[PDB]
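Labels run A, B, C, D, E, F and G following the written order; every chain starts at residue 1.
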C-alpha cells in the first residue's frame, strides 16, 4: 500500500527520499523499519524528502516507511518541573518517566491580536543594569545578544535563580516557572548548568529542554518549539512562564543544514528564505493574555551569538527586529571590569517603564539621564585637567553610577535592595568615595541594610516607592555608614 | 604675550585636527559600507556558483 | 476550476490543473481546511502545473488535496465599512467584530494610474503641523520617509495626521503594518480607540487597519502593503478623497519580497536582495499618487540596515520619496513636541516655483537663523551669552523663539497632557514665523511661543504671564 | 556481498552491489590492490549503488573492480598493545614493528556518552605556563582548545604541554596527528623514545600514536581523528583510566569533510563548508569527554583559516571547550611568545570560588590594565604620550611590563629563542603579576620583563642590562 | 630521485599561486563544483601532498634530502588571506617580503616579525648559532619599541640601547 | 533618424544606472553569472553599444550628429564604482 | 581584479596610473611606487641612474609613511628632518609631472621631451638639497630642471 507506506529510494546526510506515502501530510512524522522517526518536510511529485531523527546507518535503500497516525507533540504540565528532557520531552536525567497527564502540539499559532493586554507586570531578573535600565515585563521578548563568552547564559541563569524569592512566597501572581532550552550545546555544559540550578534550589521550578551538539539537526530545530509549548501550558492556565532559547543561532544552523540538504534554494549566508519565519513564529508565541483568557504569560529571552560584534549579520538582524528589545553584551566592557558587560547606551526595552515598579522607576530615571550625560563626556576623562566643575561632576557621578551597575555572578537582588544601592549613587553620597572602593562599599552597605534594616526594605517595597520617611531613614543610614567606611 | 599666542594656536590646531578626524571618519565609514556590501555579495555568489554547478 | 496539489516545499506549493490554468497572481483557495489557506500563483512551470506562494502555514497539506482557482487575484473588502476595523492580507477581519459588510470587493494587484491620468500640478498637502508645513511640506500624492523610530512620538504623529486630514481635508486613512509585532498591533489598536480616531460605538472611525504580522509566511508580509493600498485606492477613486496611507514599515516589505524571491529559487542580487528589487518597489509605489479624481499620500517608516544609506533597500526607497520627516530623540528630550528635526527633515517641493515665493523665503529664513544659532553655540559655553554683538544677540533671541514656536499641542494627545489641541492653517504658520524673523515680537518673552498654535496665542500667552 | 566500482572521482568512489547493500558507515575492501584500500560507505544513491569515501589513494582503480563488504565499520586495535605503537586510520601499524596483537578491536564510529554519564568535577591542571595558568587555566578531565592562524604557535604550545604535563603523568596518553606535518610526527616519536615515554624494548610505553597527516587523501584525514579518539575511549572506559588526549589539528577533520562535500552532492553552506559542519563536529566532539567511568583531559590544536576566528570551523568549535587559548599573529609578530591573546582566552574555572579570590582578582586586574592600554594605544599614538596624566601613563608603563611578563621561553622552543626553557609554578606566576600591578617594579625597565620565567629573573635581568 | 639515492636536491616552485589558478581552471572545466574563492575545496591538499615530499631521509634510506622553496604571490600585502595561509600552514616557515620595506631600502625586504623558520638553530652551524641565536626575537622587540618610541620623549637607557642595536643590525 | 539626414539631435538617458539595474534584473532571472555588484559580464557592452551611436557625421554622410547626455547616479560620491567607471 | 592582476606577469615594464594622483593634477598620473621595470638594474642602466631612481623611491616611500600623521595633525607636529623629506618629496612629485604635446589643450603648456641625462641630473640635484630654497610649485609641469629654476625666478 503506497498510500500509507513508502519505500526508501536513497538515504544520506539525514535525508531520506521515499517512494510512495501518497497520503502523508506536509510536516508529518513517519517511521522507518528500524524504529527511527522522520519528518516529511518536502512533498514532491515522485518522492517525499524525509528528515531523519537519528543516525542513518539504520536506514537502507528499500526500507519500509509508514505513516502511523503520529502527532508531533510533547508532555506538558508541572510534572516537567525539576526534570531534564530531550527535544521530544523524554526524560534524560535518569529519574524515571514524566508523570504527565496532558500533551500539547509543538507547532501552534501564537495568540492573535485580541486575546492580549499590554505588558505591565515586572519580570524581575535581579540584575541591576537590566532591572533598572533595560526593564523586562511579563510577556515581552527581550534578546540577549553578544559575541561568545560575553556573559549571555549568565544573564539567563541569574534571571532563573532570582525567581526563587517569588516561587517560595505566598503571592501566586508573582510566581514564575522557568524553561531553559539548550540548543547545540555540549552535554557537560548542560550538566554544569543544571548543577548550578540545583545548588541554587532553582531546579524545582525549572524545566530543562536539551538538544545537544550530537542530537540530529531535526531535534535541535524542534527543541525550542517543544519548550515553547511547555511554557504555553502555563500561559494558558493563569500562570506565568519564562523561556530562554540558548541559543537561536544554533537552531538556525540546524535548520539550514536541513534546507540545504533538501536542496531548497540558498540565500544570505546560505540560509533559506523562511528562516525569518522560523523565528518570528516561535517568538510571537510569547504573550501577555487578558483576564478573559486567564491573565497568564510567557516571557521569552532568546539568545543570539554574534561574530565579531556584527549585529547586522543575517540571523541577528532577524531576531533583533522580531523582539521588543535587546540586551547588548560587549567583550571590551567585560575586560574593563564592566561585568555584567551590558552596553547600557545601546540596550533597549520597548516596554520600558511600564514594566518597572514605582520605586525603581524613580531612581532608574535619574540614573539613565546622568549616565547619558556621562557618555557625552567620557573621553575627556583621561584627557581632562582644566574641565569646568560642572563636567568634572558629570564625569564623577558617571564613573560612580557605572560602578554600581557592576554585579557579581549568581547573586540576583530583590528590587528594594537594588533601589537602596542605586539611591546611594543618584543622591550623591558616593561622589567623594574613590571609584575602586565602590563595590567594596556596596557589598558592605547592602549586607548592613539586609541585616539591620529589613523594615526599611519591607517598606520601600510596600509603599510601592520611597516615602519622605524612607528618604530620611536612608539619608542617615548612608551618611553614617559612609563616614564609618572611610574612617 | 606668549600664552595668548600658545592658547590661540593650540585652540586653532585642535580645531583643525578635530575637523580632519571628522572628515576621515566620514571617508572610512563610506569605505566600511562598500566593503560590507561586497562581502555579502561575494559570499552569496560563492554559494550560488556551488549550488548551480551540481 | 479545480486543481490538485502536486508539491509542498515550505511556503511554496505546486498545483496541477486538468483544464485551464489560473493566470499568474490569481488567488487559489485550498479545500479541506479549518481556516482559509490562500495560494498566490507565481509561475507556470509547464505541463499544466503552477507554482504558488502560500499566505499561511502549509503544514497538513496532502498531495492530491483539492485547490480552487478563485478566478481573480486576492480580492478584499473596500469602502467606509473597512474603517475602524482590522483585516489581514486576504481581507479577513481579525479584530473579532464579525464580518466586514461592503458591497464592493477589490483585487489587491492593480497597475498604476496611466500617464494621461497624472496630475501635472504639485500641491502642498497641509497637515496643520507647523514644523512640517513650513519647513518640509508634504506633497499631495507624494511619499514621505519617516525616520527616528520607536520612542520619539511616531505613533502620536501618525494618529494626529489621520486626525488633521479627516478634519481639514475630509480624507480618511489606512494603516498597513508590514511585519507588525502582534503585541504592538494590539497596543496600536487600543491607543487609536483611546484617542478617538477609531470608534467601536458609531461609524466615525477615520482609519482602516491592515496587519501582516511577523509570524506570517513571506508571501503574506510581501502582499499586505498592497492590501492596505487597495483599501486606500477605493477612497481616492470611488469617493474622490485626498487619502493618507501609512506603511509601517517599508524595509519589511522589501525583506519579505527578498524572502519570496529566495523561496522561488531566483538568484539573489547585490547584498542578497531580490533581482526584482526596483520593480517590486516601483509597481507598489507608483499606485500612490494624485490622479484627476483624488490623491493617496503615503507616510512610510524606513529602517536603514547598518545605518548605511547606500544599502540597496534604503537607496531604492529614496528614489520614490518626496520628503523626510525626521523625529529626533535630542529634540524630544528638549520637550519640543512634535520632536521633528527642523534642519534634518527635507522637502522636494520646498521650491519657490511650487510653494509660495513667500513660503519659500520664510522657510529659508527660518533655516538660516536656526543654522546660524548652531554656529554661535560654541561661543556661548566659552564667552557667555553677552560677549556677542547686537546682531548676534538678536539671532539667538529670535532663533530660540522660533524653536519654541515650532512646537505644537496636538488634539490626539489631549488625554495624556491636558492642553487643548491645535490645527494651524498654512497662511497663519507662514505669517507667525515671518514676524518673529521681522522682530515684531522681540519685546515678548521666550516661553510665550512654546506649545501654542497660531501666533495669536503667543500674544494671549505672553499677556497671561504679564 | 561483492560489489563493482562504477565511478571514481578523486576520493569519492561509487560501488554497485547485486545482492545486499552494506549500510552507511560500513568499511568496504577493494580487491586487486597491493595495499589495503578501504572505502567507507557514506550514502545510498539508489539503484543498488552506494557512494563511498576512500581511505587511501584511488589511482589505479578501474571501473568494474571488485569490492567486498566487511560487515562492519572500520574496526581498529585497542587496548594496552597500542601503547608505544603508531597506527594509521584503519589501525595498521606504520612504525615497522610488526602486528599489533590485541585481543579486542573497536569500531571508530560510536555513540557519544549519554547525559547521565556526565561529570561536573573540575580542578585546576597547572601547566607551568604563566599566561595560561594565570588567565585561563586548564582543568583536569576538561576540554582544552588551542586556536590560531597558520604558524602562530599551536604545535609549539602543544609540545610544551606534552613536555610539562604528559612526561610525568600517571596514566596513559593518546596523540593523534590529523592533517599535519609528517616531519612533526617523526620529531615527536623520537623525542618520546628519547624521553622513555615510548619504550621499544619493554612494555612501559605510556603513549599511543595515531597518524593521518597532510600527505594523506581527505577520506583518511576525515576519519583519523576518530581512530585516535577510539583508542582513548577504550582507555577511559575499559580501564576506567586517566587519559591525556592530544589532537593536532582537529580542524583538518572539518577541512577534509569540505574537500569531498561537493562530490557527495551537497549544496555548499557559507564560506564553502559542508552544510553538516556542526552536526559532524557534534557527533565527533561529544565522544571526546570525561564520563563517570573515566577522565580524559583533551587538548586540541584548532587551525583558524585566514586568521579569522569567525570562520565557521573555529567558530563552531568554541562551544565544545571548557578552556580556550587563543593565539594571535599580531602578538607573535612582536616577539611575544607564547603568542596568547590575554583578552580572548577563557576558562570555565576562572571563578573566585574555584581558583580563589587572589588568583581571580590578579587575573582580572591584569586583563583590566591590558584592556585600558589597548583602548589608549591608538589615541596616544597620535596625540602623544605627554597628554596623558601621570596615572594614565603609569598604566601604560605597567601594561607594557605585563605584556612582556606573559612571554616565556619554552623548553621545547630553545631552537627558536636561544633561551633556556622555564617552568613557572602557579604561586610564583600570581605573585609576579600581583607585584607589577602593585607598582613594586615601576623602576625596572620594560625589557627586563621580556622572555623570563619567574619575577626574580626579571630583577636579575635588570641588573645585567644596567651595563 | 636525488632524495632517494643519498643525494641532496633543492626545488623551487615558482610559483604555486599560478599552479592553483591552473588547477582551478581544470577542476571547473571537469565540472567539479567550486569552493572558497572559486578554487576547488581541496586546494590545500593540492599543495600539501606536493610539499610533504620534500623530506630528510634517515641513513637506512640513504641519508638524502629534498628541500623546497615554494613561491606564493600575495595581493596588496595580505599574508593573512586564504591561499597564503593555506601554504604557510604547510611549510616549515616562510620569508615574507613587503614593498614598503623594499622601497625604504630594506633589501632583501624581509619582514622579521612575520617571517619564521620552523627548524630554527638546528639548521645552522654552531658559529651562526653563536652570533644569531637571540637576534630574531630581539629584532621583533626592536620594531615594536621603535614604533612606541616614535615621538622622541624621555626614554630610558635600556630602550635607547635596544634602539641603537636595532637600527645597526638592520 | 536626425543624425542620418543632415540634422542634429540630442539625447538624454535619464538614467543609465536604472537601466543597468533593469538589465541585471533580467540577467539574474536568466541565471547568467553575477560579477561585480551582481552585474552580468555584459553590462559594459550594454552601455558601450548604445553610446557609440552618438556620433558626428562628416559632410559626405550629411554633416548631421547625435549628442548623448547619459545620466549616472553615484552612491555617496563614489565615482570609482563599477557602473560609473 | 583578475584581469589586470593576471596581466602583470606578461610585462617587462608596467606603468601604473593612479586616479588619486590624477586628481592632484599630476600628469602623467604615474604611481612612482607601483610602476616597475625588469631592466632597473645597475648593470643595465648604470649605477648613477639606478642610485637616483632608488633614492627618489625611498624619499617618496618615507613621505608616504609620514602621511597618516600629516592628515590628522598637519605639518607642524613633524620634526625638522621629517619636514625636509616632506618638502623634498613634494618637489620630486611635481618634478615627475610633465607637459605632453598630446595634452596641450588640457595643460595650457607646450609639450616637453626630456633627455635621460637631464632627467637623472634634475632628480639627483633635488635629492642633494640643491633646491630646498625654491617653492614646490616651480617644479610642476616643466621639462628639465632649468625650467623649474626659471619658473622659480619668474614667481618673483
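Note that a residue touches a chain if its C-beta (ideal position, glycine included) is under 8 Å from a C-beta of that chain, and two chains touch if they have at least 3 such contacts.
By chain, with names taken from UniProt: A = ATP synthase F(1) complex subunit alpha, mitochondrial; C, D = ATP synthase F(1) complex catalytic subunit beta, mitochondrial.
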item: Pair with more cross-chain C-beta pairs in contact, given D-E and B-E; value: D-E
item: Centre-of-Cα separation between subunit G and subunit A, whole angstrom; value: 62
item: Distance between the centres, which are taken as Cα means, of subunit C and subunit B, whole angstrom; value: 33
item: Inter-centroid spacing, subunit F versus subunit E (mean Cα positions, whole Å); value: 48
item: Centroid distance [mean C-alpha coordinates] between subunit B and subunit A, Å; value: 36
item: Shared interface positions of subunit C, touching two or more other chains; value: 266-268, 270, 272, 306, 310
item: Residues of subunit A touching at least two other chains; value: 265-270, 312
item: Shared interface positions of subunit B, touching two or more other chains; value: 30, 34, 36, 40-41, 43-44, 46-51, 53-54
item: Which pairs of chains touch, using the document's own definition; value: A-B, A-C, A-D, B-C, B-D, B-E, B-F, B-G, C-F, D-E, D-G, E-G
item: Of subunit A, residues touching subunit B in the complex; value: 265-270, 312
item: Subunit D-facing residues of subunit A, complex; value: 8-14, 17, 56-62, 84, 92-94, 148-149, 184-192, 195, 210, 212-217, 250, 253-254, 256-257, 260-261, 263, 266, 269-270, 307-308, 310, 331-332, 335-337, 382-383, 385, 409
item: Sites on subunit F touched by subunit B in the complex; value: 31, 33-34, 37-38, 76-78
item: Residues of subunit E touching subunit D in the complex; value: 32-33, 35-37, 41-42, 44-45, 48-49, 52-53, 55-56, 80-82, 85-86, 88-90, 92-94, 113-114, 116-122, 129, 133-134, 136-138, 140-141, 144-145, 148, 150-151, 153, 156-159, 161-162
item: Touching residues on subunit D, where the partner in the complex is subunit E; value: 9-10, 149-151, 179, 181-183, 213-215, 217-218, 255, 258-263, 268, 271-272, 303, 305-307, 329, 332-335, 337, 381, 384-386, 400, 415-419, 445-448, 450-451, 465
